[PDB]
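Chains as they are written, first to last, in the authors' numbering: chain A, 34 to 207, 214 to 283, 288 to 350; chain A', 34 to 207, 214 to 283, 288 to 350; chain A'', 34 to 207, 214 to 283, 288 to 350. A prime marks a further copy of an entry chain.
Ideal Cβ positions, reconstructed from N, Cα and C, are used throughout, including at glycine.
Okay, so here's the structure we're looking at.
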Amino acid sequence: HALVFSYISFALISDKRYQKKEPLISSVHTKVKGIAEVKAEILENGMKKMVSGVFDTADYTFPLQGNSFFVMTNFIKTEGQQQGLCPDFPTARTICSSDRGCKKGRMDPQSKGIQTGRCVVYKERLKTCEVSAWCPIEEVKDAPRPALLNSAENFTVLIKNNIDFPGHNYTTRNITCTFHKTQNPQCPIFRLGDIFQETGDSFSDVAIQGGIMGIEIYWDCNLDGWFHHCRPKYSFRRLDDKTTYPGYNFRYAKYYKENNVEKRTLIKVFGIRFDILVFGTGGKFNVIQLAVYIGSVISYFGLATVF
Amino acid sequence: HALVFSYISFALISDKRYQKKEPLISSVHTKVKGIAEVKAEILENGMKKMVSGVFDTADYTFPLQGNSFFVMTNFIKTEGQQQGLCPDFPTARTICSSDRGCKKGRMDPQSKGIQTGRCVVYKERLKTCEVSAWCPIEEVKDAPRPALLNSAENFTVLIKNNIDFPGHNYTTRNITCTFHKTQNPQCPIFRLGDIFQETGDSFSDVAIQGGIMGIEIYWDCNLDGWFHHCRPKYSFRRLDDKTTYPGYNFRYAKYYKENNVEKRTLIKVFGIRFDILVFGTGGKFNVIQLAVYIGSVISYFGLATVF
Amino acid sequence: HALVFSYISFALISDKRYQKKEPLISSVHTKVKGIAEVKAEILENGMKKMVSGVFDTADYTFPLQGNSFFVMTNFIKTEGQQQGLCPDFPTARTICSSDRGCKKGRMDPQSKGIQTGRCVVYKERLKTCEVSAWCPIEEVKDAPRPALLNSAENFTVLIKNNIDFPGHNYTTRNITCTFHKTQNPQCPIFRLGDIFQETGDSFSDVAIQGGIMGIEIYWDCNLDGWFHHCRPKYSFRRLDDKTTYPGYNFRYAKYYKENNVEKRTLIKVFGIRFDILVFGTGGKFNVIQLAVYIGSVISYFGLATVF
Ligand SMILES: *[C@@H]1O[C@H](CO)[C@@H](O[C@@H]2O[C@H](CO)[C@@H](O)[C@H](O)[C@H]2NC(C)=O)[C@H](O)[C@H]1NC(C)=O
Ligand SMILES: *[C@@H]1O[C@H](CO)[C@@H](O[C@@H]2O[C@H](CO)[C@@H](O)[C@H](O)[C@H]2NC(C)=O)[C@H](O)[C@H]1NC(C)=O
Ligand SMILES: *[C@@H]1O[C@H](CO)[C@@H](O[C@@H]2O[C@H](CO)[C@@H](O)[C@H](O)[C@H]2NC(C)=O)[C@H](O)[C@H]1NC(C)=O
Ligand SMILES: C[C@@H](N/C(=N/c1cccc2ncccc12)NC#N)c1ccccc1
Ligand SMILES: C[C@@H](N/C(=N/c1cccc2ncccc12)NC#N)c1ccccc1
Ligand SMILES: C[C@@H](N/C(=N/c1cccc2ncccc12)NC#N)c1ccccc1
């Protein structure tokens with residue numbers, strides 16, 4: 034009888050059933066900090082090309098969208114594209130053996146053009162299907178072995194989170216320093232390399248193909264006057280698949300007119316997209332809850348006494 | 034007495050009250066696949082114009098923002114706009130009868146310019162209020178009868194969802216094939232026409248004015264060791280109003300300098316915006332929950348025996 | 034005994050425990066309305082400059098991302114930037130006393146360039162560290178005293194919210216008029232000045248540095264056939280910090300080629316970002332819930348009779 038009561042009180046205190054539970058409504062704002070300089074040479078379209086320059090903050094990041102920001106880590110540039118007819122890039126399914134090899138008015142899913150039914154020569158007696166689209170088509174090329182945005186990990190991000198709860202009627206807002220698991224857990228500025236070290240994923244390896252990382256924030260807050268604890272817990276987990288179109292990459296174009304001719308530049312962007320997740324639990328003691336718990340435990344105690 | 038107990042156990046098993054319930058934290062990544070070629074001629078500004086060309090993946094879509102992507106289906110192009118003074122486009126409230134007809138320093142909500150108080154001639158003794166803004170103003174014109182992006186329905190979208198739960202400490206990640220309601224429900228690649236066929240909304244009709252469609256995912260997962268079921272359920276529903288500024292459309296500009304003169308191109312974009320929604324329910328059996336349910340049913344059984 | 038029963042029924046009716054509770058899944062679409070004309074003169078780079086013109090809808094706003102839109106209120110323009118070497122802008126940590134004062138191959142966090150280790154003269158015997166990046170670097174300059182987008186408050190925004198619930202199997206969709220707290224609470228068109236008047240924050244003061252505002256919507260809906268109440272409640276709260288890199292601002296660039304030379308224009312954007320939040324509570328009466336509540340109150344009544 035007494036043991037059932039002590040265990041009921043201990044379980045109720047451990048689960049905190051007397052305090053009312055409610056979700057948290059958060060609004061996040063992020064500011065990217067740090068710049069990187071790319072000075073690597075990679076051949077393009079059969080010709081060796083040298084790339085050099087520095088990327089400002091606005092060059093490698095977008096504004097926060099849906100409580101999540103993106104950061105570039107690698108890219109493939111294609112300049113001078115203009116609508117027209119050209120032979121498709123050589124692929125396992127793009128090479129044509131004869132003129133009538135390909136089908137007219139057909140567009141493959143992987144191909145970025147609609148075939149006109151003509152077998153043309155891309156380079157030196159190598160025939161692919163004549164396609165109608167942005168010419169020339171971007172070459173199928175793996176991400177560069179060294180991630181162009183090598184200095185991306187040394188970057189530091191600033192995350193400001195505003196918490197609001199309807200029942201509480203309060204809003205909680207979350214020196215230059217880098218967040219550390221134990222030394223400095225309060226610093227809201229994070230080093231990407233520190234995050235990937237938290238998740239155990241190589242930043243240099245992921246930056247080549249791209250990735251999707253998210254920052255999880257847990258709130259174990261209780262509105263009780265006695266034990267008032269409300270501190271943001273920072274947990275990190277990788278959303279990308281790892282094993283592996289893996290990583291994060293999309294086609295982004297910039298259109299310009301040259302010599303009275305419409306032109307477009309297609310850029311394949313590989314990067315890491317961070318999703319800021321805010322999950323919290325609020326608990327403001329309510330008399331009805333305590334009365335319900337007591338009412339439920341009373342029967343258990345009585346049955347324990349009956350045996 | 035016995036019937037009340039059997040009904041209590043049957044109801045508890047049907048509602049699954051013994052298993053702990055928790056929400057699901059998801060992160061979605063989408064990749065658009067497919068291209069369309071537009072070769073339609075539509076008159077513009079009183080002159081017949083011919084439009085032809087193919088649109089790549091980067092041309093008709095944006096990067097995923099807020100777990101939702103947008104896909105263009107129709108557009109109205111306006112080129113050569115530059116700041117200055119010009120007569121407003123003829124409308125029910127823009128035509129001026131006399132010079133002093135319009136008010137100086139006034140800007141109507143529907144109008145995109147601030148009137149200077151001068152009644153000018155747009156074309157052939159037709160007078161509208163002189164306005165200061167991007168000139169010339171884009172003409173009020175209905176969406177083209179045939180949706181320019183006819184081939185949009187044949188497109189295929191790839192959706193990858195990563196599920197994470199705090200109490201479970203696990204992450205679940207969700214061949215070229217098209218998803219089917221019964222034949223192939225596992226294929227994560229979707230044909231837009233298949234979605235609109237699921238919702239029963241004509242794609243060709245909606246593409247003209249634009250629309251907002253969302254993909255709902257339901258999770259009826261249970262963490263119990265006995266019955267372990269965790270499969271993503273795909274439900275589809277149209278968020279747009281249908282009846283009807289209906290549809291989805293926004294003004295998107297691209298600024299270029301020509302002949303040492305600042306210029307801007309205004310494009311009215313009509314398209315369908317897909318919102319990926321992830322709703323799930325987790326249930327990991329907890330002793331406290333079962334004890335609470337039993338404690339609540341005990342009183343009901345006793346009262347049933349008392350009668 | 035009787036008082037405990039009457040109080041139990043009154044408390045159950047007040048808390049509405051018999052009705053099933055469920056969250057709400059919303060999809061929001063926003064359309065910005067109104068235009069502003071900027072005709073202010075502010076000196077730039079030691080030279081007085083005059084700015085004049087009108088901004089269309091597409092100029093000061095982006096498409097809705099993550100159920101939240103952004104509206105510009107102030108900006109700093111920097112034109113002609115091109116990659117190269119140049120002296121950094123004079124700052125407390127950028128001025129070099131001697132040639133060997135600065136460290137080679139070092140980039141400060143606040144600085145947007147990587148120092149080459151050379152002490153150069155920015156203007157008249159004033160030495161800063163030679164940096165490699167976008168040249169010339171944007172000058173450190175406070176936001177203009179008068180917010181360039183003065184007419185932003187007079188703007189009107191249209192918000193359309195679609196509500197969906199899985200258990201209810203229904204979708205609820207939410214004349215030109217401005218929403219008022221009491222006169223016209225149904226008008227879905229909002230005047231920004233009206234919002235900031237609701238939150239008590241000066242719009243003219245915030246527009247200079249920028250801000251983050253959110254529109255909260257509460258749903259106290261009950262699916263009971265007797266008392267069927269389901270009306271959207273509009274509550275407003277400011278997410279920005281106020282006290283204070289405060290406000291909302293980001294670097295946004297536009298790249299153009301001039302005289303066969305790659306060039307970029309960096310624009311520091313200050314604005315207010317509105318986050319549309321949808322929180323609701325659904326309640327469809329369930330027999331199991333009522334039976335549970337009654338079972339929990341029965342023990343309390345019996346104990347009250349025992350005394
Ligand atoms: C990130 O910062 C670290 C220093 O905190 C850099 O490490 C140095 O790298 C240089 C070569 O660039 C070496 O000469 C130094 O010996 C390194 N020092 C340390 C302590 O590691 C690192 O190179 C930076 N990474 C990037 C991509 O810029
Ligand atoms: C989408 O694909 C279907 C085929 O799966 C196309 O249907 C064909 O259309 C052509 C005309 O372009 C007809 O000659 C064929 O007879 C059609 N076949 C079938 C099976 O429908 C359809 O035209 C495509 N739609 C778009 C907009 O490209
Ligand atoms: C917003 O609209 C109000 C009117 O509703 C404007 O107020 C007028 O401002 C002009 C000067 O531009 C004065 O001559 C009038 O006397 C004002 N009238 C009233 C009733 O206030 C206000 O200027 C507008 N604000 C902006 C930034 O355009
Ligand atoms: C804003 C844009 N950044 C861009 N940065 C470059 C600046 C100079 C030269 C470049 N060359 C190749 C590639 C990039 C650049 N260029 C564009 N557009 C971007 C960033 C992240 C993801 C997509 C797009
Ligand atoms: C990225 C952009 N796509 C664009 N595609 C075109 C490419 C060539 C010619 C065009 N002509 C008219 C209209 C479009 C185009 N042009 C721009 N900007 C876009 C896509 C979807 C929604 C808004 C904006
Ligand atoms: C789309 C863009 N608006 C822009 N509007 C201008 C139009 C003409 C002259 C300008 N001069 C200075 C500054 C702006 C402008 N220009 C660009 N890019 C924008 C809007 C809001 C936030 C970021 C970016």
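Exposed unless 16 or more other CB atoms sit within 10 angstroms - verdict on residue i
i	result
A:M105	buried
A'':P224	exposed
A:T217	exposed
A':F317	buried
A'':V154	exposed
A:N78	exposed
A'':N202	exposed
A':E305	exposed
A:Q148	buried
A:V65	buried
A':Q222	exposed
A'':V330	exposed
A':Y288	exposed
A'':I247	buried
A'':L97	buried
A:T283	exposed
A'':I46	exposed
8 angstroms contact criterion, which residue i and residue j should meet: CB distance rounded
i	j	result
A'':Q332	A'':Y51	6 angstroms
A'':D141	A'':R126	6 angstroms
A:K54	A:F328	Not confirmed; about 11 angstroms, so no contact.
A'':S165	A'':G146	6 angstroms
A'':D121	A'':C162	5 angstroms
A':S60	A:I251	7 angstroms
A:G249	A:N183	Contact flag wrong, Cβ pair sits at about 15 angstroms.
A:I337	A:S101	That pair is no contact at about 44 angstroms.
A'':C129	A'':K160	5 angstroms
A':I256	A':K272	7 angstroms
A:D92	A'':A296	7 angstroms
Closest Cα partner of residue i within the set the options
i	options	result
A':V245	A':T63, A':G314 and A':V349	A':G314
A':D259	A'':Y93, A'':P199 and A'':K145	A'':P199
A'':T205	A':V164, A':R276 and A':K145	A':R276
A'':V312	A:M80, A:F95 and A:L36	A:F95
A':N302	A':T283, A':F266, A':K137 and A':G113	A':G113
A:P56	A:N261, A:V335 and A:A347	A:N261
A':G86	A':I75, A':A69, A':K137 and A':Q98	A':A69
A':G117	A'':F108, A'':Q116, A'':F103 and A'':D89	A'':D89
A:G239	A:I196, A:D197 and A:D279	A:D279
A:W167	A:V340, A:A347, A:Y343 and A:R307	A:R307
Extent of the continuous beta strand (DSSP E) run through residue i
i	result
A:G314	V304 to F328
A':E112	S101 to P120
residue 286 of chain A	Note on chain A: consecutive modelled numbers read 283 then 288, so residue 286 of chain A has no coordinates in the structure shown.
A:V245	Counting along the chain, A:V245 falls outside any beta strand (DSSP E), though it belongs to the alpha helix (DSSP H) covering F242 to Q248.
A'':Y273	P271 to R277
Span of the alpha helix (DSSP H), counted from its first residue to its last, around residue i
i	result
A'':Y291	Run containing A'':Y291: none in the alpha helix (DSSP H); it sits in the beta strand (DSSP E), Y291 to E301.
A'':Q52	Per DSSP, A'':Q52 belongs to no alpha helix (DSSP H); it is in the beta strand (DSSP E), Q52 to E55.
A:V37	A35 to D48
A':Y93	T90 to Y93
A':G232	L231 to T238
Cβ-heavy atom distance, residue i to ligand 8, below 8 angstroms
i	result
A'':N107	In the structure shown, ligand 8 is absent; the only ligands present are ligand 1, ligand 2, ligand 3, ligand 4, ligand 5 and ligand 6.
Quick check on the contact list: which residues have their beta carbon closer than 6 angstroms to a heavy atom of ligand 1?
Result: A:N183, A:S184 and A:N187.
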